[PDB]
Every structure is written in structure tokens, then in C-alpha cells.
């Protein structure tokens, strides 16, 4: 049943975990895309859900970053997955969070809350991002410090990696914030873009449609709020068939 085997699991909190799985031979994707994964219910019927692939396209192993919803049909079960066990993975990638769906530009922004960092876990490790852009800005906002941990460790490890670390050097700017716990930088993405705080903090020019391209991943509310701010700076939604300055993915 499109089965793949789990090779690693890390629990970040009781409501957040990541895992790696073997890669289907026929899967060809672009960093930022998503696929469907799942498990069988009591009656043998698949419980299938859209998931961003959190590993870059070049990686022979796949990574996922998952919520656990206590009464959620999939994740109430998926949270208990172990190394050596199998998941269903349909190798049909889709999604608009891909570099091909943006006009060429100079700065690339990843704007994520919660598990929305997942496609950017992929793209931050994608050579094409650093080939096609001079700066890559990762804004990740969560309520609590523990919710940032998967991403903070990902960025530490990629910065230390002799291959990826070299590609991202002087290009990747990582801007994690919390909104409900004290942390070195705080505040919503919407608010820190609108006030210009992120520009002040990183010491970079304000957002403009000539140079900036952006990708958004998170809840419906998050996307709605962030889109309004992007539009306030003159950036337009495109995806493809007609690429423009930003793309969004809402769940």
C-alpha cells in the first residue's frame, strides 16, 4: 500500500514530532512540494493527509514534521510511529511553494508558523535557493520556545554542515520568534513585517516588489494576515500559471 519504512523519529513536544522514511523509487519532486501520507484505520481503510516534505529534493531519505492532534484521525496514531514500522506514502508531489512559481528576484522570504516551517526545512537546504537568490530570510513564529526547537536544531545543523553550510554562508538569515514566551526576538510575522522590525533587526532594506519574493505556509488565518502585509508592500500573489512576487499554502 505504497509502503515506506520509518528510519528515525524525534519527539519535540507532546504535540510535535519529526520522522524520516525511506524514499519511493519513482518519487521526483521539487523542494517545497507536498505529498499524501497515512496509516490504516481499524477497518483497514486509509487515513490520508497532505504533508510538506521537510527534506530537500536531493536527499535520498524523506523527512516530515508533524503536529499531534489529540483526537485527530491520522496523528493520534502517527505520533506512535517507530523505527522499522511502515507508513503509506503516495509518491505524487504537488504544491505551489516552489521556486519555479515565483518571478526571479534578489531576496527570498520564507514565512511560517508552527508546522508550516516544514516546506522551508526543505527549501533552506535546496541549492537552487542560494543559486537564484542573494539572501534567503527564514521567519518562523510560534507561541512557545519548545515549538521552535525542530527548526532551531535544523538551522544549527545545516550551518555546521560542510556542504550546505558553505552554500548558505552570508545568504541565509534565520529569524525565529515566539509570541507567548520570552525569547531573544518576539512577535508575529505579520506584525514584525508591518512595523519594519525584521528590517531593523536584520539591517536590511524594506520589502519591495522589485527585489523580494515570498512564500507563506501555515494556518488559514496566518496566511490571510500575512498576505495583507505582503500586498501592502506591493507584492502580488502569482503561483503559476503566472508567477508574481509571492505564493501561499494554507491549511
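Numbering follows the first chain given and starts at 1.
Stretches 82 to 90 and 118 to 126 differ in mean CA B factor, with 82 to 90 having the higher one. Comparing the deposited coordinates for 207 to 215 and 61 to 69, the stretch with the larger average C-alpha B-factor is 207 to 215. For the set 136, 141, 167, 145, the PDB entry assigns the largest Cα B-factor to 167. Among the modelled residues of its chain, residue 52 has a C-alpha B-factor that falls in the lowest third according to the deposited record. When all modelled residues of the chain are sorted by CA temperature factor, residue 221 is found within the highest third.
Split the chain's modelled residues into thirds by C-alpha temperature factor. Residue 40 is in the highest one. In this PDB entry, the Cα temperature factor of residue 184 sits in the middle third of its chain's modelled residues. When the CA B factors of the chain's modelled residues are split into thirds, the value for residue 97 lands in the lowest one.
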